[PDB]
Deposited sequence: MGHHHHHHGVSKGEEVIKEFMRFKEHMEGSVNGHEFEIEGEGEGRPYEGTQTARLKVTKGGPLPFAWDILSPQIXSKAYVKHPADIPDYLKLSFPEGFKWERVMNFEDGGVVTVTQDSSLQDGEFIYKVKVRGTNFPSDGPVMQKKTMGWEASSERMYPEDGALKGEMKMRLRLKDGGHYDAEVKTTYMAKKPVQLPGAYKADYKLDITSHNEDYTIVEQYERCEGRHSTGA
């Protein structure tokens, strides 16, 4: 059911520091090569009053290149699919938590996402929009408690020139008990490839590849 080319559709709804929004997206990629692009639009509550960059990693692990000998748990979860839940703790006390459902219908991946951001300082780089995308990330993947966990430190580049840091923990759970992998790493790079002024229209590109640790 996972072809060498696959599209996806995404609906995200959320709030950050009280500001409500919805985003719709359509994307496409090559799941066995670890590569994907997407076009996204803010459909309600745009222009966003905070950094797009805190949303970009919430907006697709079906598209991770896996060697032969690492069970690709997330592809094997389809057509039913998988749920994930995440928390990002940012250095200045900001917090993002995400709940997500992924499935496959009519030959395309369907993503349904709920995002809540809170406690970001008003004078911070997130509410002031002073960020400049993510550095490459390596996610520590390991089985625990019948689910696949991931942990990562992410570094958001700052326009003034430093970095702004977040510690991340996610639980990924297939809807049927398909084969969990052993411990490994997933190397990411995510790039914003286009945005309009106010970031109500945004394109992204991501590559991700798994490897033994």
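Participant: I have the full deposited sequence and the modelled structure. Can you tell me which residue ranges, counted from 1, have no C-alpha coordinates?
Facilitator: Since the structure holds only modelled residues, the stretches it omits are 1-15, 75, 230-232.
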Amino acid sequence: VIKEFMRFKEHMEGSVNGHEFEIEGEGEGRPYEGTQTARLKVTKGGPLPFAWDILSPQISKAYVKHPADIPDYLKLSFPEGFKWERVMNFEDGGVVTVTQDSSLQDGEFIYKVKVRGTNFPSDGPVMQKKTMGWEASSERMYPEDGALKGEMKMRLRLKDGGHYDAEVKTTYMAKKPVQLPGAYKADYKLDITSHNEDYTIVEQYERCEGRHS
From here on, numbers count along this sequence of modelled residues.
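Participant: Mean Cα B factor from the PDB record: higher for 102-110, or higher for 73-81?
Facilitator: Mean B over CA atoms: larger for 102-110.
Participant: Name the higher of the two by mean Cα B-factor in the PDB entry, 20-28 versus 198-206.
Facilitator: It is 198-206 that shows the higher mean C-alpha B-factor.
Participant: Which third of the chain holds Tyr164 when residues are ordered by C-alpha B factor: lowest, middle or highest?
Facilitator: Within its chain, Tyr164 is a highest-third residue by C-alpha B-factor, going by the deposited values.
Participant: Determine, from the deposited record, the chain-internal third of the Cα B-factor for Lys44: lowest, middle or highest.
Facilitator: Ranked within chain, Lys44 CA B lands in the highest tercile.
Participant: Ranked by Cα temperature factor within the chain, is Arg140 in the lowest third, the middle third or the highest third?
Facilitator: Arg140: CA B-factor falls in the middle third of its chain.
Participant: Comparing against every modelled residue in the chain, figure out the third that the C-alpha B-factor of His212 lands in (lowest, middle or highest).
Facilitator: Highest third - that is where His212 ends up once the chain's C-alpha B-factors are sorted.
Participant: Where does the C-alpha B-factor of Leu158 rank in its chain, lowest, middle or highest third?
Facilitator: Top third by C-alpha B-factor.
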